[PDB]
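These notes are about the structure you will find just below.
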Amino acid sequence: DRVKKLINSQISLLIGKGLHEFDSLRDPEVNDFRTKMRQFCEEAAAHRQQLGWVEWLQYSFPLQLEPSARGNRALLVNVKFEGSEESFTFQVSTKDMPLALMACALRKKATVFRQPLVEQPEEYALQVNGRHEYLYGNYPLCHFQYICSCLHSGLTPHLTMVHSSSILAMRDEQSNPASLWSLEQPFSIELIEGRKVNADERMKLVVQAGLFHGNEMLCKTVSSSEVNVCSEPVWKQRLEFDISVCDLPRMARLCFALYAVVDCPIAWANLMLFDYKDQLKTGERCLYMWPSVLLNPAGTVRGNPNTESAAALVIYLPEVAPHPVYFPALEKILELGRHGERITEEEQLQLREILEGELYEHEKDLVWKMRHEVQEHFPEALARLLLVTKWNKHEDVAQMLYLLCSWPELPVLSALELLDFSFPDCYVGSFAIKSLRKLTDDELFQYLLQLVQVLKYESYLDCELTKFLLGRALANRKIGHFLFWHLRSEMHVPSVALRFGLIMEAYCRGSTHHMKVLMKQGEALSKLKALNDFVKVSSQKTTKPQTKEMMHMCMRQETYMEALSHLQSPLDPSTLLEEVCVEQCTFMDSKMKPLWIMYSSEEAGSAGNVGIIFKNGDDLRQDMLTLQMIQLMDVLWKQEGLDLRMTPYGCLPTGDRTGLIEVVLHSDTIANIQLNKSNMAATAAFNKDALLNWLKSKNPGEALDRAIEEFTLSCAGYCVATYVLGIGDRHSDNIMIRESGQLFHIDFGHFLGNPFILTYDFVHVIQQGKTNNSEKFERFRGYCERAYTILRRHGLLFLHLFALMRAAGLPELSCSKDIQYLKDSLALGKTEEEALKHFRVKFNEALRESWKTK
Ligand SMILES: COc1ncc(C2=CCOCC2)cc1NS(=O)(=O)c1cn(Cc2ccccc2)c(C)n1
């Protein structure tokens, strides 16, 4: 009671909506989800408290492995023991494992402390200093991301020996407290009246209604008659559809569109015909309509929360039978689908050709006929077969479901295709999730953004995907972190606020301690929004140095100092944002005046000096998606042994036009480097030299050659990344360069088209200052070609991922026309020889554009 009230109030604070609002709906579906999902999440919390210390480290601190390790050299390492000021620096090998490194630190300590130790290397874990990152398991040292980062950046790994007891004590501190088929009658409804309708009185009103199974129409759309435009239009008419009640699939949805004709749309609303308990809906239903910007089947099946302002459409769902009618159970379906129906040698080859991607009408009749041959010989062709199935014929669906339920578990790639709205069947969705269960946390984390979007196409609150995502978030603290932030950022959207809000409440019941951690993070973002508003005002009246000192005063207050300090980074929970360095903080000159908040850690040293950018006024969803795609490219390339020294820095929308960006330290823009400022080391005689002179100055003597190599490699990666992804609006200010030579792009507002790019100032670097250096240039051309063909081998993965992101609601990613850019860029409808010929020609075409500068 005393703690139940507090947990509830903290959840309300955290999710940005009171739990009383949930109960105010007096909604069975909402109530049944809450009860069932609190129970499922409490079971998770209990499982966690009975984990072993290593399994608990796998929960709180999942391993950060190098892409090539997933599925020799000398190394200087610094080790200390938790509580001790003293440390040991020793030589290890990249091929050595943490148990060898621990056994070694236990020897040094045993000789310094003069006694043979009882403790064994198996009782310890290696914490990365001042980070929520550990090194454990039987993986050689080079396979860990931290060790790799260190090896490249020339820094010494600083590790701490954590005893199992310390980890177990840590666990306890973080513990939770204690029949349809007989009805041949056509589908009919009554369009009674409209309410709160606003439109031109010169025009007339009409209602268009259509029956959908996803996108595919179940029958012809039906329109009402033309009534006069007013606030309350009264139709009181019948709309009969050319489909029998028996043929209604489980996931059938009635779609409405209210518009004004002489063509202007007013509003849209849809609903499921069967409720969450599989009962066919009857009685009077009020559809609180959403504004239209003519049917929208993809749109949500829940009403517009703004009941006061919104237009309403009152409909009557007629009583079909004297008793309640439920959708048949799987047992009745697999019974009807069991009984069905030889094939010819030539039609067996015609099939092998069209299963190896739209088809003609006669081929559908062939893929349907050979459905058992599809299951047995081409199991990966499920999706094409599912698209030739008539979801308007109840026996054809029964036949399909009989095969799906015997169908083997598909690879992840195929299962991702099945999450598309094009496959709205629930037994199809459950099958897809069943085939995704084999995703590792690293694969899961990679596609997590796309899976949160898929949640928006869901017709009900209680689903296998919510159960899947919830179970995985509670079993891995990093997944839980990012599932929380993807949902939390979309709370300002009334169409997803209910589902996302209820999901986040469930997670919180399963993770009280993590709710407290995320509360600390929201508390910091609250102060930043308030510091940003002050900065936005102050800067329009006073000068930038003055506004900066005023920002520093405002930050120095008790509430600001406590909120902004000692939190886990929402960009990386492994990164602890410790001590805010007030003197180093500032903001950009742009419209939104984004804040640059700088942090330091006494515990983490060099690695604790981090920077975050708080942005308010701009939508950061497309930046995040692009950066995630660049990250995917990098993983894909590293898996094929290619490290193109990419910088896919963190970017996280946190709320309404609000987000954080990861500051890449020790980097500058080409614009600032090119400014060729006097009384600087880099001062060039010719602007073509500025970039190379800046590189020379940050990398003395022997180091310059490696910086030129870091530049070339990262240049090859971004040339391909921006080409494949259609990144435009490229200027010297949104192309950055790191002190180590790595080139990277920022600010991804325009992608998917909205020609390949090459600059002679980059070519000068690649060529080591030499005017003619085709040895070095062509090495770069080959880096592009190898990178491009690795991406094409995975072209389907980019397509399936981008397809799922149509649910996100991005204006530059909403229809098929957008994904055509990727189809063209990855030239997937061609052979590798025909695509590589096209890459070479586009690289040569981008070169002839560059040569105009030279
Ligand atoms: C989407 O917007 C952003 N995306 C990424 C960044 C990052 C900056 C550095 O670390 C990597 C991430 C920053 C922003 N937003 S902004 O308003 O700060 C910004 C700064 N700049 C040029 C600039 C950069 C650095 C130093 C001086 C000036 C531009 C063009 N935008």
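Each chain of the structure tokens is named A, B, ... in the order shown, its residues numbered from 1; ligands are numbered from 1 in display order.
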Exercise for review: Can you check which residues of stretch 587-809 of chain A DSSP gives as strand (DSSP E or B) on the backbone and send them as a count of residues only?
Suggested key: 34
Point to revise | Picked from stretch 578-617 of chain A by DSSP as helix (DSSP H, G or I), as an MDAnalysis selection string | key: chainID A and resid 582:584 605:608
Using the selection just defined, write its residues with C-alpha atoms as a PDB file, in the first residue's frame.
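This is the output file selection-v9.pdb:
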ATOM      1  CA  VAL A 582      29.926  23.943 -16.519  1.00  0.00           C
ATOM      2  CA  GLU A 583      32.765  26.073 -18.023  1.00  0.00           C
ATOM      3  CA  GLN A 584      32.939  23.798 -21.142  1.00  0.00           C
ATOM      4  CA  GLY A 605      39.709   9.258 -16.802  1.00  0.00           C
ATOM      5  CA  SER A 606      39.970  10.099 -20.580  1.00  0.00           C
ATOM      6  CA  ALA A 607      36.979   7.782 -21.318  1.00  0.00           C
ATOM      7  CA  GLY A 608      34.768   9.747 -18.905  1.00  0.00           C
TER       8      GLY A 608
END
For ligand 1, collect every residue having any atom at a distance of at most 8 Å from a ligand atom (counting only C-alpha atoms and all ligand atoms); output as an mmCIF file with N, CA and C atoms, in the first residue's frame.
data_model
loop_
_atom_site.group_PDB
_atom_site.id
_atom_site.type_symbol
_atom_site.label_atom_id
_atom_site.label_comp_id
_atom_site.auth_asym_id
_atom_site.auth_seq_id
_atom_site.Cartn_x
_atom_site.Cartn_y
_atom_site.Cartn_z
ATOM 1 N N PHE A 587 26.317 26.427 -26.568
ATOM 2 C CA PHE A 587 25.183 26.197 -27.442
ATOM 3 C C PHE A 587 25.541 26.687 -28.810
ATOM 4 N N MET A 588 24.819 26.213 -29.827
ATOM 5 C CA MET A 588 24.991 26.591 -31.228
ATOM 6 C C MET A 588 24.180 27.807 -31.580
ATOM 7 N N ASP A 589 24.637 28.493 -32.622
ATOM 8 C CA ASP A 589 24.063 29.723 -33.137
ATOM 9 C C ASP A 589 22.760 29.532 -33.894
ATOM 10 N N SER A 590 22.442 28.295 -34.286
ATOM 11 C CA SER A 590 21.227 27.940 -35.034
ATOM 12 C C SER A 590 19.893 28.316 -34.344
ATOM 13 N N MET A 592 17.295 26.772 -33.104
ATOM 14 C CA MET A 592 16.900 26.107 -31.870
ATOM 15 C C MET A 592 17.899 26.271 -30.748
ATOM 16 N N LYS A 593 19.049 26.916 -31.040
ATOM 17 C CA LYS A 593 20.140 27.163 -30.083
ATOM 18 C C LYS A 593 20.434 25.859 -29.277
ATOM 19 N N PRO A 594 20.785 24.715 -29.951
ATOM 20 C CA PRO A 594 21.021 23.466 -29.203
ATOM 21 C C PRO A 594 22.124 23.598 -28.165
ATOM 22 N N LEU A 595 21.941 22.988 -26.987
ATOM 23 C CA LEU A 595 22.885 23.017 -25.864
ATOM 24 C C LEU A 595 23.944 21.918 -26.019
ATOM 25 N N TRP A 596 25.189 22.232 -25.664
ATOM 26 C CA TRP A 596 26.320 21.318 -25.662
ATOM 27 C C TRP A 596 26.751 21.239 -24.220
ATOM 28 N N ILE A 613 24.525 16.668 -26.835
ATOM 29 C CA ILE A 613 23.853 17.840 -27.433
ATOM 30 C C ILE A 613 22.355 17.699 -27.151
ATOM 31 N N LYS A 615 18.757 18.988 -28.030
ATOM 32 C CA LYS A 615 18.070 19.650 -29.141
ATOM 33 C C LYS A 615 16.576 19.685 -28.929
ATOM 34 N N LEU A 620 14.250 14.587 -34.344
ATOM 35 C CA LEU A 620 15.496 13.828 -34.579
ATOM 36 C C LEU A 620 15.303 12.359 -35.029
ATOM 37 N N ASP A 623 17.424 11.432 -38.392
ATOM 38 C CA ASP A 623 18.866 11.413 -38.074
ATOM 39 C C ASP A 623 19.178 10.095 -37.466
ATOM 40 N N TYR A 649 27.626 7.777 -34.488
ATOM 41 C CA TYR A 649 27.407 8.370 -33.169
ATOM 42 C C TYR A 649 25.915 8.301 -32.782
ATOM 43 N N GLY A 650 25.651 8.279 -31.476
ATOM 44 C CA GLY A 650 24.307 8.236 -30.904
ATOM 45 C C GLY A 650 23.420 9.431 -31.207
ATOM 46 N N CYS A 651 22.169 9.155 -31.413
ATOM 47 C CA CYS A 651 21.148 10.155 -31.672
ATOM 48 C C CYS A 651 19.845 9.574 -31.160
ATOM 49 N N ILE A 661 22.112 14.018 -28.909
ATOM 50 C CA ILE A 661 23.078 13.621 -29.935
ATOM 51 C C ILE A 661 24.380 13.438 -29.194
ATOM 52 N N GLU A 662 25.187 12.481 -29.630
ATOM 53 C CA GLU A 662 26.491 12.191 -29.052
ATOM 54 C C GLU A 662 27.512 13.079 -29.707
ATOM 55 N N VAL A 663 28.224 13.833 -28.905
ATOM 56 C CA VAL A 663 29.258 14.746 -29.377
ATOM 57 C C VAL A 663 30.489 13.920 -29.696
ATOM 58 N N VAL A 664 30.988 14.036 -30.920
ATOM 59 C CA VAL A 664 32.211 13.319 -31.270
ATOM 60 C C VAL A 664 33.319 14.302 -30.918
ATOM 61 N N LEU A 665 34.060 14.001 -29.857
ATOM 62 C CA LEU A 665 35.115 14.892 -29.370
ATOM 63 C C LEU A 665 36.307 14.833 -30.251
ATOM 64 N N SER A 667 36.973 16.568 -32.956
ATOM 65 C CA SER A 667 36.542 16.641 -34.339
ATOM 66 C C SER A 667 36.177 18.098 -34.657
ATOM 67 N N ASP A 668 36.157 18.469 -35.933
ATOM 68 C CA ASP A 668 35.810 19.823 -36.351
ATOM 69 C C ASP A 668 35.103 19.686 -37.694
ATOM 70 N N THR A 669 34.508 20.760 -38.210
ATOM 71 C CA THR A 669 33.829 20.677 -39.504
ATOM 72 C C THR A 669 34.828 21.045 -40.583
ATOM 73 N N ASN A 672 35.218 24.877 -40.688
ATOM 74 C CA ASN A 672 36.121 25.530 -39.730
ATOM 75 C C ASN A 672 37.578 25.270 -40.036
ATOM 76 N N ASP A 733 29.934 22.330 -43.686
ATOM 77 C CA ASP A 733 29.565 22.453 -42.279
ATOM 78 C C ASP A 733 28.913 21.185 -41.698
ATOM 79 N N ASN A 734 28.363 20.282 -42.541
ATOM 80 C CA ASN A 734 27.749 19.042 -42.064
ATOM 81 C C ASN A 734 28.586 17.780 -42.426
ATOM 82 N N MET A 736 32.185 16.392 -41.009
ATOM 83 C CA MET A 736 33.156 16.580 -39.934
ATOM 84 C C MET A 736 34.382 15.696 -40.083
ATOM 85 N N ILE A 746 27.300 14.538 -40.574
ATOM 86 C CA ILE A 746 26.274 14.853 -39.583
ATOM 87 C C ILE A 746 25.025 15.404 -40.313
ATOM 88 N N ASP A 747 23.959 15.712 -39.533
ATOM 89 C CA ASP A 747 22.696 16.358 -39.927
ATOM 90 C C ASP A 747 21.989 15.721 -41.137
ATOM 91 N N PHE A 748 21.217 14.648 -40.863
ATOM 92 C CA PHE A 748 20.509 13.833 -41.855
ATOM 93 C C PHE A 748 18.999 14.155 -41.990
ATOM 94 N N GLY A 749 18.707 15.408 -42.312
ATOM 95 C CA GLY A 749 17.340 15.859 -42.533
ATOM 96 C C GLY A 749 16.772 15.407 -43.868
#
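Reported to one decimal place, the separation of atom CA of residue A:509 from atom CA of residue A:42 is 6.3 Å.
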Review point. Which of these, A:502, A:455, A:141, A:810, has the shortest distance to residue A:624 once you count only C-alpha atoms?
Key: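 When distances to residue A:624 are compared using only C-alpha atoms, the smallest one comes from A:810.
Restricting the calculation to only C-alpha atoms, the smallest distance between residue A:43 and any of A:176, A:307, A:208, A:414 is found for A:176.
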Skip residue A:404 itself and residues of its chain fewer than 6 positions away, then list as a PDB file with C-alpha atoms, in the first residue's frame all residues within 9 Å of it, counting only C-alpha atoms.
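The new file around.pdb reads:
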ATOM      1  CA  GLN A 375       5.724 -25.678 -48.099  1.00  0.00           C
ATOM      2  CA  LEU A 382       5.607 -18.378 -47.503  1.00  0.00           C
ATOM      3  CA  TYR A 427      -1.464 -16.532 -36.900  1.00  0.00           C
ATOM      4  CA  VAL A 428       1.010 -15.181 -39.509  1.00  0.00           C
ATOM      5  CA  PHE A 431       4.514 -17.491 -36.717  1.00  0.00           C
TER       6      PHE A 431
END
